[PDB]
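To keep things clear, I will list the structure first and then write my remarks on it.
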Amino acid sequence: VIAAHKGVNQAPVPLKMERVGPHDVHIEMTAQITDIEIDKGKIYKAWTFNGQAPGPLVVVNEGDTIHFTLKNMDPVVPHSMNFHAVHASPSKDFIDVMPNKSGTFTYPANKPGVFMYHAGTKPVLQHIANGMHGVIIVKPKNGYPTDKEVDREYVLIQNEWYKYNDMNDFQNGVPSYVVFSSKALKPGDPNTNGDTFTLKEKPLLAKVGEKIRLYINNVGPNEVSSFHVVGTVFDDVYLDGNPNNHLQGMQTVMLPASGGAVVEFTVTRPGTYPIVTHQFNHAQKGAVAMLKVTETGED
Amino acid sequence: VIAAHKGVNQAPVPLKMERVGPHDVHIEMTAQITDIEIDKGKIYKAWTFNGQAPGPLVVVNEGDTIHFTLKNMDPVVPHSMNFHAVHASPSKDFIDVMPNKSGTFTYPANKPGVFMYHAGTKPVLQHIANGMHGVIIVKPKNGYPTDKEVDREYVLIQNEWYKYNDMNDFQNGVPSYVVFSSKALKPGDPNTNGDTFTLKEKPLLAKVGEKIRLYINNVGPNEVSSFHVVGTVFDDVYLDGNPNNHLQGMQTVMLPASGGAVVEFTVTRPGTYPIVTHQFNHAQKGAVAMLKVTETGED
Amino acid sequence: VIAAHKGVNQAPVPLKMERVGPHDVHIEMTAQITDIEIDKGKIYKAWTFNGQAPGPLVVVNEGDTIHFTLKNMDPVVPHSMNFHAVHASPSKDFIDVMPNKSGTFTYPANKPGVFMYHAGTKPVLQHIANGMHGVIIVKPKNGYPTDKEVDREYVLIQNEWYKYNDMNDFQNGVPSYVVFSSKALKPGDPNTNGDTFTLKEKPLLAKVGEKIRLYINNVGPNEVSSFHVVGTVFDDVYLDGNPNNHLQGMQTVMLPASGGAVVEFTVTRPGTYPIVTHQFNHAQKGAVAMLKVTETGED
Ligand SMILES: O=N[O-]
Ligand SMILES: O=N[O-]
Ligand SMILES: O=N[O-]
Ligand SMILES: O=N[O-]
Ligand SMILES: O=N[O-]
Ligand SMILES: O=N[O-]
Ligand SMILES: [Cu+2]
Ligand SMILES: [Cu+2]
Ligand SMILES: [Cu+2]
Ligand SMILES: [Cu+2]
Ligand SMILES: [Cu+2]
Ligand SMILES: [Cu+2]
Ligand SMILES: [Cu+2]
Ligand SMILES: [Cu+2]
Ligand SMILES: [Cu+2]
Ligand SMILES: [Cu+2]
Ligand SMILES: [Cu+2]
Ligand SMILES: [Cu+2]
Ligand SMILES: [Cu+2]
Ligand SMILES: [Cu+2]
Ligand SMILES: [Cu+2]
């Protein structure tokens, strides 16, 4: 634990977003050091955006230019932001912001989909593994062909956790935990961090007969994901959330590290449905969420 | 070795299946403890369906409802069944059957493809790793567009084996063996277990010039598979065996854990053709099968 | 270090190719033992084709029959060649050539794409891991639908390096290095070996606004690749380089071991753009290349 991080636990700060034109959006995040309970009794003093790991959800429209400000609250470590959604010059636009400073960077989100974002400061592995990852969704101008069939939707993110700030482990060791989190799209949706237990104890909710859409991304840092919902089959899958990349009837979706998808499936009966990576060593180490399906859709 | 499993070696029992209506099929399996030779001189006292690991092949038609009975012969461990093919309530329909009891569960197979099945009892990793995995094929109502080109077909399954019933190894260790097995579709086809040697010593057979279809699934538990046939290219691939997910001219097919495919390729010359996962550490640890191609198609 | 390899460092020999008919091409390679600097201060006495690892690039046209000669310069180890592009009998056409001998083998390249080649001598893992891997590109007769949009193109290959000639490490250990190399398509293109530094210090070059095509293959031996270019999104992707396998708007391309692709992306701003596998443990261990984009396209 970096001497200047000892005892530091910066309270989470809300994401700030506001539209400033028909095709322009302001976003303001922080980089901050925040204690997160990743397993019961296990605190990780994470490197975060806004005190969440993964960070807060960003949603924009295809064709929006993002005017992004990062306020670095870390007392000693520089941080930066890399959005996979955007076309940008990495050496000009994804550059470091020093402690106690801010930086603003502008770039377009030209492509629909479910994109990873993460800090881009060398060593990138260190910043991602310590918690500086997240998702930005870019909504397609023309929608998805199955939009009218979807009854309910959520966002799920997979990540790993390693021994604390240990570059040897990050490079060469198996993950200690692999976890899901959910980030809110609409008021009332849960908003959680990557931990082994919250989405088991407080399942996502749905109603019998519904078609559910999940926007998913496996942020890694290191593992691929074999994404599967127990008790159903994916009716439709759009790789990276691009409407053109359309598969049907998949049992399990292969996600690379940073890989995204939009997946849709029908829940036909009441009960609790596990959501896993089917790499079962990772599932055993935390990567199981639950979907509770009731006759009403409320608990 | 669980005290009540010491010395236990339950003889394999045939799968029971019978059609009971134009869209309804009965299946009866066992859960049982059976010694399997996974490498020469290496016995694994596997947790199995029907004394095979992977378990027996199930084939049904798209739109069939399955009335599935599990007879648990294990003297002490509960077991259950999860079919990836079906729409079901996991907490009602994939529940545990206690030792010396049976349970019956009914659910539809609405989607064509090559699906994993496995025990769903917590910890799922333990039940899969110990051998409780298999494949169910759901035949598409409308076939595949290349059906008329296929001359011969087989089923191949990839799995791993770890240190015996060792949850630490299952979670954190590399596999000791990675293996292929073949499960019979028609009388005379081989029916083998996941071992390092049988499909090398007794290759699958084909005839010069034939187009071969393989129904494949990588059941894991933990690894992905880079499926490749030496000396050919896949003419056509259907991801998860759904006819819509149609690729052409692939050298190697990426399978997630639990991932399936229908793959088709032409063998143009006499000889022996290795079949591998191209993750060559896994191939070296057992995952090489052989296809012997002769002028007649018989040995 | 095999006693007969001690002190051996065979100078690289150029690939020999010549067209001998409208649909027939001669290729002559060597198998040879050559010291390669894989990281600064770290020499690997590689098993190679032609003194390069990965080996030299081969480019042919769809429908060409290849008349391939391997001249084995290794004083003691037999070697062979397996081209993923071709239809061949592995047990007749991919056979070993003994030390100080040559062998010639003929087979057709019927399928367009970006194919791995490698030695096929048992244990195959040993020959691949020690450096005997490479790429053959088969150009599609009808092109790719986006050909007219591409301004500049390069070839990139990903491989791993392990502890020297250590079969235990090859089977059971994490890679010590994961690396990119580039192989020349046109005069003036760089031609490099798999190392941790050359494509950082001497980036690939491009011009602002260009659409870039990369022909890529992950030769392994053991890992999958999460291929990503920072600061852009792939406009179009053709899996295995087959024009039919067409995805759009992908952030990251999942490559199995031996998996290939043609990927295309636009660079909109001047700067330096990292090229990674997004499995960041591998990126940290060497697998980052750089693309320098200038107003002119020259350094
Ligand atoms: O039903 N999924 O194992
Ligand atoms: O089907 N999830 O084990
Ligand atoms: O020819 N497959 O290495
Ligand atoms: O092409 N199998 O090494
Ligand atoms: O912008 N790629 O992290
Ligand atoms: O987006 N490369 O970290
Ligand atoms: Cu407008
Ligand atoms: Cu602004
Ligand atoms: Cu950071
Ligand atoms: Cu990234
Ligand atoms: Cu509905
Ligand atoms: Cu009917
Ligand atoms: Cu019945
Ligand atoms: Cu079991
Ligand atoms: Cu499952
Ligand atoms: Cu035929
Ligand atoms: Cu001609
Ligand atoms: Cu010739
Ligand atoms: Cu060799
Ligand atoms: Cu190969
Ligand atoms: Cu252009």
Side-chain angles (χ1 to χ4, degrees), chain A residues 15 17 25 27 29 49 52-68 70 80-88 90 93-94 105-120 124 127-128 132-141 144 153-159 181-183 185 213-221 224-225 227 237-245 253 255-263, chain C residues 226-237 247-254 263 265-266 268 273-280:
Chain A
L15 178 65
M17 280 178 68
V25 180
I27 305 178
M29 282 184 199
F49 297 107
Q52 288 180 51
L57 186 62
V58 174
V59 182
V60 301
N61 294 331
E62 182 179 350
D64 281 340
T65 291
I66 298 167
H67 320 183
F68 172 74
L70 184 63
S80 61
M81 171 67 83
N82 171 337
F83 290 106
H84 284 197
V86 305
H87 283 83
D93 300 322
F94 297 169
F105 311 100
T106 298
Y107 23 58
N110 296 309
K111 302 282 196 189
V114 184
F115 294 98
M116 182 171 176
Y117 73 69
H118 59 86
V124 173
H127 290 254
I128 300 176
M132 302 191 81
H133 41 68
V135 167
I136 175 169
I137 294 170
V138 182
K139 301 317 306 163
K141 167 62 158 323
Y144 297 89
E153 61 186 14
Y154 297 110
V155 177
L156 283 179
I157 307 174
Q158 185 178 315
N159 74 267
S181 61
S182 188
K183 302 296 182 180
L185 284 163
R213 173 179 291 171
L214 302 175
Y215 304 83
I216 68 181
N217 192 288
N218 167 34
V219 299
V224 304
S225 174
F227 187 81
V237 173
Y238 306 94
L239 298 180
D240 274 338
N242 186 289
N244 300 107
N245 302 330
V253 176
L255 299 171
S258 75
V262 168
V263 304
Chain C
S226 295
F227 187 81
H228 177 76
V229 180
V230 178
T232 191
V233 182
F234 299 117
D235 299 316
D236 296 273
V237 173
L247 301 175
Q248 297 180 69
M250 298 291 295
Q251 74 195 293
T252 296
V253 176
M254 178 86 275
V263 304
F265 56 92
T266 303
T268 63
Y273 293 65
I275 301 171
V276 307
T277 175
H278 222 283
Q279 293 155 236
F280 253 91

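Protein chains get the first letters and strands the later ones, always in sequence-line order, with residue 1 at the start of each.
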Specify whether [X] and [Y] have parallel, tilted or perpendicular ring planes, treating 30° as the upper limit for parallel and 60° as the lower limit for perpendicular.
X      : Y      : value
A:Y107 : A:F68  : parallel
C:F265 : C:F234 : perpendicular
A:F83  : A:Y117 : perpendicular

Please give me the minimum heavy-atom distance between [X] and [Y], naming the atom from each residue.
X      : Y      : answer
A:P54  : A:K183 : O-NZ, 2.7 Å
A:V219 : A:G134 : CG1-O, 3.9 Å
C:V233 : A:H84  : CG2-O, 3.5 Å
A:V262 : A:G241 : CG2-CA, 3.8 Å
A:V224 : A:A257 : CG1-N, 4.1 Å
C:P274 : A:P90  : CD-CB, 3.9 Å

With sequence neighbours left out, what residues match [X] under ring pair (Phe, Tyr, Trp, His ring centres under 6.0 Å)?
X      : answer
A:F105 : none
C:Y273 : none
A:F115 : none
A:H67  : A:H26

Any chance you could measure [X], atom [atom1], to [Y], atom [atom2], to the nearest 0.5 Å?
X      : Y      : atom1 : atom2 : result
A:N159 : A:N218 : CG    : CG    : 8.5 Å
C:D236 : C:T266 : CG    : OG1   : 9.0 Å
C:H228 : C:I275 : NE2   : CD1   : 10.5 Å
A:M81  : A:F94  : CE    : CZ    : 9.5 Å
C:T277 : C:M254 : OG1   : CE    : 7.0 Å
A:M17  : A:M29  : CE    : CE    : 8.0 Å

pair [X]-[Y]: side-chain heavy atoms closer than 4.5 Å:
X      : Y      : answer
A:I216 : A:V114 : no
A:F49  : A:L70  : yes
A:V86  : A:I136 : no

Using the side-chain contact (heavy atoms from CB on, under 4.5 Å) rule, take C:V229 and C:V263 through it: C-alpha gap first, then chi angles, then the decisive distance, then the call. CA-CA 10 Å; C:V229 180; C:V263 304; 5.9 Å; no

Tell me, please, which residues at least two apart from [X] pass side-chain hydrogen bond (donor to acceptor under 3.5 Å, both in side chains).
X      : answer
A:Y215 : A:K139, A:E153, A:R213
A:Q158 : A:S225
A:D240 : C:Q251
C:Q279 : C:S226

Under the side-chain contact (heavy atoms from CB on, under 4.5 Å) rule, what do A:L255 and A:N217 come out as? Steps first, then yes or no, please. CA-CA 8 Å; A:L255 299 171; A:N217 192 288; over 6 Å; no

Name all residues meeting the salt bridge (charged side-chain N to carboxylate O under 4.0 Å, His left out) criterion together with A:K111; count only those two or more places apart in sequence or in a different chain, and write none if there are none.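 Here the qualifying residues are C:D235.
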
Who are the salt bridge (charged side-chain N to carboxylate O under 4.0 Å, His left out) partners of A:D64, not counting sequence neighbours?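 A:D64 satisfies salt bridge (charged side-chain N to carboxylate O under 4.0 Å, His left out) with A:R19 once adjacent residues are dropped.
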
Side chain to side chain contact (heavy atoms under 4.5 Å, CB included) with A:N245: which residues, sequence neighbours excluded?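 Once residues adjacent in sequence are excluded, the partners of A:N245 under the side chain to side chain contact (heavy atoms under 4.5 Å, CB included) criterion are A:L239, A:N242, C:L247, C:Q248, C:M250.
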
By side chain to side chain contact (heavy atoms under 4.5 Å, CB included) - contacts of A:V124 (at least two apart): A:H118, A:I128, C:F280

Main chain of A:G120, side chain of A:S80: is a donor-acceptor contact present, judged purely on distance under 3.5 Å?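 It does hold such a pair.
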
